[PDB]
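Trainee: This is the structure I have questions about; it appears just below.
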Amino acid sequence: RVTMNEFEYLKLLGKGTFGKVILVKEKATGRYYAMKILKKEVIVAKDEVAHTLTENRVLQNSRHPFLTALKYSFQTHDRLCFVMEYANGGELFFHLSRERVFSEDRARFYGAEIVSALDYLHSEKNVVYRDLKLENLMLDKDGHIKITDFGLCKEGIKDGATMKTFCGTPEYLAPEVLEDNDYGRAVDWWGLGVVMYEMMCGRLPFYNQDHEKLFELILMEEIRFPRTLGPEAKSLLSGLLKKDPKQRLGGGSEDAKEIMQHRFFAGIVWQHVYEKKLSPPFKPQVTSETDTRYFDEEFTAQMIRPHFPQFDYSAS
Amino acid sequence: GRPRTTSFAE
Ligand SMILES: Cc1c[nH]c2ncnc(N3CC[C@@H](N)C3)c12
Ligand SMILES: [Mn+2]
């Protein structure tokens, strides 16, 4: 029963070219949410229809504590809106930009939760996420990972079943995607490698501003390892970023289970990870439900066509 | 210290 009129618009949080994400209040309940607003015609025009359905079905059919829950989707004459949990601690990209590198423990913790969430998407929803990167990784008020933005998932992928779409983010693409090969859910372990690499190393494993120089580094070069990196972390990054996906950690039939058992994660209890009994190593310092201090000022300091059948959705 | 990146699909 929901329209644009059921909410207060407070701050800008993000802005891609397809849409915007704004911090909202629900008049009727008092609660704050993050609302992703897409202009219907921009989506039709720039070809994003398929993606938008994928996000909507993947948000509705997912229940996991490190995945952004959806409360409503509803549409207007001109907009599509997702009303989702508000992740008050902002992007990882934000934190790693200020701190430069995370400690091993802190990167261990985030990697645990990420692996927990992806295991679930793979094993339970039969979905490969495809676009893991620092921007799609946020924290909630307690300092627990939330994965946001679901439009690049592949649905219906089960076991080692293969797929073709050239997509993701250039800095994060896996060799076998660059190679123009059919690929499988191990791409997500590549992406997890690149993120763990950035957390503990303070930079991307392969960098060039020019995409074709960056794609050549990806297919051709061994990764470099700062001498500050402990042997267990060296080993994990080495295995997550093996270029042949058959040889990659998590690349076999055991999937996430091969990652959980690596000595990097020794003495992390995976059940407690899921149940949220591990202590977040950074608790976001927010004064109120609407304190956007972990969002870039570039956005918060900014002042405020077909029918999609059965887009509309509602959790309770 | 790396510029914000962009999702795409061919
Ligand atoms: C997309 C989204 C869902 N929940 C959110 N909570 C806080 N911020 C979000 N965004 C901030 C900019 C993008 N990283 C997405 C979201
Ligand atoms: Mn780029």
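Residue numbering for chain A follows Swiss-Prot; the residues present correspond to positions 144-447, 466-477, in that order.
Determination method: X-ray crystallography, 2.5 Å.
Including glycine, each Cβ sits where the backbone N, Cα and C put it.
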Trainee: Which of these, A:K179, A:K183, does Swiss-Prot list as part of the ATP site with A:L156, A:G157, A:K158, A:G159, A:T160, A:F161, A:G162, A:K163, A:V164?
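Mentor: The one candidate that Swiss-Prot places in that ATP site: A:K179.
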Trainee: Just to confirm what the record says: which one of A:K284, A:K301, A:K400, A:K419 has ubiquitin cross-link annotated in Swiss-Prot?
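Mentor: Record lookup, Swiss-Prot, feature ubiquitin cross-link, residue A:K284.
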Trainee: Which of the listed residues, A:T219, A:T305, A:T371, A:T443, has Swiss-Prot annotated as O-linked glycosylation site?
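Mentor: Residue annotated O-linked glycosylation site in Swiss-Prot: A:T305.
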Trainee: Let me spell it out: for each of the recorded positions (A:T160, A:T305, A:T308, A:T312, A:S477), count the other Cβ atoms within 10 Å of that residue's Cβ, using every protein chain shown. Which one has the most?
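Mentor: It comes out as A:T312.
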Trainee: If you check the recorded positions A:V164, A:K284, A:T308 one by one, which have a CB less than 6 Å away from any atom of ligand 1?
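Mentor: Correct list: A:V164.
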Trainee: Where 18 intervening residues lack coordinates, what is the integer distance in angstrom between the Cα of A:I447 and that of A:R466?
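Mentor: It comes to 23 Å between the two flanking Cα atoms.
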Trainee: When DSSP is mapped onto helix/strand/coil, what comes out for A:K284 (ubiquitin cross-link)?
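Mentor: A:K284 (ubiquitin cross-link) sits in coil per DSSP, no helix or strand.
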Trainee: Within 10 Å of A:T312 (O-linked glycosylation site) (Cα to Cα), which of the recorded positions A:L156, A:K158, A:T160, A:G162, A:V164, A:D274 do you find?
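Mentor: Neighbours among recorded positions, in sequence order: A:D274.
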Trainee: Can you list the residues of the same chain, besides A:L156, A:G157, A:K158, A:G159, A:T160, A:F161, A:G162, A:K163, A:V164, A:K179, whose Cβ falls within 8 Å of the ATP site's Cβ centroid?
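Mentor: Apart from the listed residues, the neighbours are A:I180.
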Trainee: Just the number: how many Å between the Cα atoms of A:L156 (ATP binding site) and A:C310 (disulfide bond)?
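Mentor: Pair distance, Cα basis, whole Å: 24 Å.
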